[PDB]
Amino acid sequence: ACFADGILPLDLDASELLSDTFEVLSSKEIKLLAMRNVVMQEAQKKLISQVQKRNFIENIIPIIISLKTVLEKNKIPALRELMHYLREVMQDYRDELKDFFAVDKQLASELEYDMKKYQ
Amino acid sequence: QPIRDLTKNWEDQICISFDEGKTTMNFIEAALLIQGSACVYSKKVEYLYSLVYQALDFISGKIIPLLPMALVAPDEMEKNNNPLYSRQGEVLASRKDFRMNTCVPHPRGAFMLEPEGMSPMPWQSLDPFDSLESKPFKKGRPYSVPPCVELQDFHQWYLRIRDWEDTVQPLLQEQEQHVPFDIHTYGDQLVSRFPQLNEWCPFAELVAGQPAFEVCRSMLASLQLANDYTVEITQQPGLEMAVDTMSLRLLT
Amino acid sequence: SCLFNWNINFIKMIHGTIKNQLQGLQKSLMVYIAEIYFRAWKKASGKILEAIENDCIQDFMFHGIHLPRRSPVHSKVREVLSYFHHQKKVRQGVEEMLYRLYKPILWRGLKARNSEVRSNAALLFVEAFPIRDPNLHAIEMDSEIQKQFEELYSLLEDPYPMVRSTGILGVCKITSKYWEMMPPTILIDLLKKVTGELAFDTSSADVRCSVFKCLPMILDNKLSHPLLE
């Protein structure tokens, strides 16, 4: 939110801030080991996992759109880290994220195209 | 209930308490008031799984390295056995409270806490998004105009919508220079057109010489004065011969 | 064309073969191959044609964006793509499939920080204009033309001089071709922008020479002769 405020001076320093926070966000270990009576506990763990990750997505997407807009406006070199992290966000969910990114605009088509390139 | 199938796509006598335990509810009542709860549909379905899991639980219910030795506090009786006192003679601390007593000499003269350990001695493509030198736009004159006046040498050189507008628009201007019509002033004017108040005289004669729109405004004023029960219209009895034979009689 | 129609799976080995053998053949042979692939698209239909749309042309233009200009094959790639941009007017519906092809890949190519790949993106863009989507309404027509307006505005406000020069020549071609289509306020604003500022760009002389390369082919505009005068 402090990044997407724009009150910060966005520069090469802020390029390094954004970029290394992107590989903080794109770490493998940021997700829980639970999704990586006891079978019922596993069941409720992954249902909790779907609801927290969809809450996380609906929180992040407006501020992602704002920060990517001002980031491409400044030609900040962390945009490759943007399209790095956002695509592992895209290999979380295959079709319902395409529906939520059909609610969003001008981001999905490049995402299916890179995903096709990854296969 | 699509979620009931979606619980079944995985694979009543119970009391469920919403919130913090204040409310008491039966399962058929609890699940159905929460199906219309004060959340977004994604949050509502989330709460609905948590209810199914909490109810189902109740239905089912019925490496280490060596430790450094200096990390251990010494025994209290030992510290009583060697106390350290002050210039005034009062006991201030113990001797084991400080670590130079546990320092170990070296042949070089060094002191370490742990003697155990190491002693000191053609189809490739461009990479995208590479900023290069962008020479910015700068404004100025590359040009010079010398007026030297207001000198040559030879040897150097020697070597129906339109119809609709035309039909209807003059009528629109004709409406714009229509006479301004106010109901009270026109009613008083039509009354003054009569020789005297409450006198029968042909109203067609009084509107004779007026244009068609003024005649229609006059009969509209007559109709309004008739409908307000103030002025009485006297027409000929019948249907078709009553035309142009009305007369205004100003009763009130 | 019917060898392409025969086996869908053989098309990727065809793609590899034509990847291997672009260097040998000449410019007329390149536009001949481009005619072959145009008729190959035209005869194709169905899921094989959909796989060809998701297989061949987007990879060629992706390469032509990303190939260095040092490579001689890069010249062949954008000349056959310019042939395709010339043939899009001949057949109707070609504009829509290239729009749905270029919905991912034109837009980030516009803001490509590297000057060469953005220069190639501008080279395809200036002939790409206008882009049409048939099903969209008049609000979306005005929105997409205003989007192209601000896109060419930013592309002519580029800091690099050669990207500016390509943008100049492109809007010269635009103002020559379809000056009747744009609103007059937009036209007056763009001509004032490219005349009051651009003629005195002391950073580079050849950008003003590119404006000079533009000036004869705007002079066909009969109605704007007092306005340019």
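So basically every Cβ, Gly included, is an ideal-geometry build from the backbone, and we count neighbours across all protein chains shown. Read the figures in this text as sums done on the coordinates, not as results from a lab.
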Just give me the residues in the stretch B:63-104 being of a type outside the set (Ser, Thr, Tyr), assigned to a loop (DSSP other than H, G, I, E, B) and in contact with a helix residue (DSSP H, G or I) (Cβ under 8 Å, 6 or more places away or on another chain), in sequence order. B:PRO74, B:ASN82, B:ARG99, B:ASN101
Give just the number: which of (1) part of a helix (DSSP H, G or I); (2) surrounded by 16 or more Cβ atoms within 10 Å (Cβ to Cβ); (3) within 13 Å of chain A (Cβ to nearest Cβ) does C:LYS147 not satisfy? (2)
Among the residues of the stretch B:85-92, are any touching a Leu at 6+ places or on another chain (Cβ under 6 Å), more than 30 Å from C:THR202 (Cα to Cα) and of a type in the set (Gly, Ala, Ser)? yes
Considering only the stretch A:13-29, I want to know if a residue exists there that is closer than 28 Å to B:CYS39 by Cβ, in a helix (DSSP H, G or I), within 19 Å of the chain's Cα centre (by Cα) and away from every other protein chain (no Cβ under 14 Å). yes
Complete set of residues in the stretch B:1-20 that are assigned to a loop (DSSP other than H, G, I, E, B), exposed (fewer than 13 other Cβ atoms within 10 Å of the Cβ) and under 37 Å from the mean Cα position of the chain (by Cα): B:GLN1, B:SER17, B:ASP19, B:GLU20
Which members of the stretch C:1-54 meet the condition of being surrounded by 16 or more Cβ atoms within 10 Å (Cβ to Cβ) and among the small types (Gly, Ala, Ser)? C:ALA34, C:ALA40, C:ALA44
I want to confirm something. Restricting to the stretch C:199-210 and keeping residues that are in contact with a helix residue (DSSP H, G or I) (Cβ under 6 Å, 6 or more places away or on another chain) and part of a helix (DSSP H, G or I), which single residue is farthest from the other protein chains (Cβ to nearest Cβ)? C:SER210
If we ask which residues in the stretch C:74-97 are in contact with a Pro (Cβ under 8 Å, 6 or more places away or on another chain) and more than 17 Å from C:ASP133 (Cβ to Cβ), their number turns out to be 1
Scan of the stretch B:112-145 for residues that are more than 14 Å from chain C (Cβ to nearest Cβ) and among the aromatic types (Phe, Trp, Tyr), ordered by number: none
What is the number of the single condition among (1) among the aliphatic types (A, V, I, L, M); (2) out of contact with any helix residue (DSSP H, G or I) (no Cβ under 7 Å at 6 or more places or on another chain); (3) within 14 Å of chain B (Cβ to nearest Cβ) that C:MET162 does not meet? (2)
Return the residue satisfying two criteria in turn: it lies in the stretch A:34-88 and is in a loop (DSSP other than H, G, I, E, B), at the interface with another protein chain (Cβ under 10 Å from one of its Cβ atoms) and over 19 Å from the mean Cα position of the chain (by Cα), and of such residues it is surrounded by the most Cβ atoms within 10 Å (Cβ to Cβ). A:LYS75
Answer yes if at least one residue in the stretch B:146-158 is surrounded by 10 or more Cβ atoms within 10 Å (Cβ to Cβ), aliphatic (A, V, I, L, M), out of contact with any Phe, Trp or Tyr (no Cβ under 6 Å at 6 or more places or on another chain) and away from chain C (no Cβ under 14 Å), and no otherwise. no
Quick one: would you say B:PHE129 is in contact with a strand residue (DSSP E or B) (Cβ under 6 Å, 6 or more places away or on another chain) and under 30 Å from C:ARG70 (Cα atoms)? no
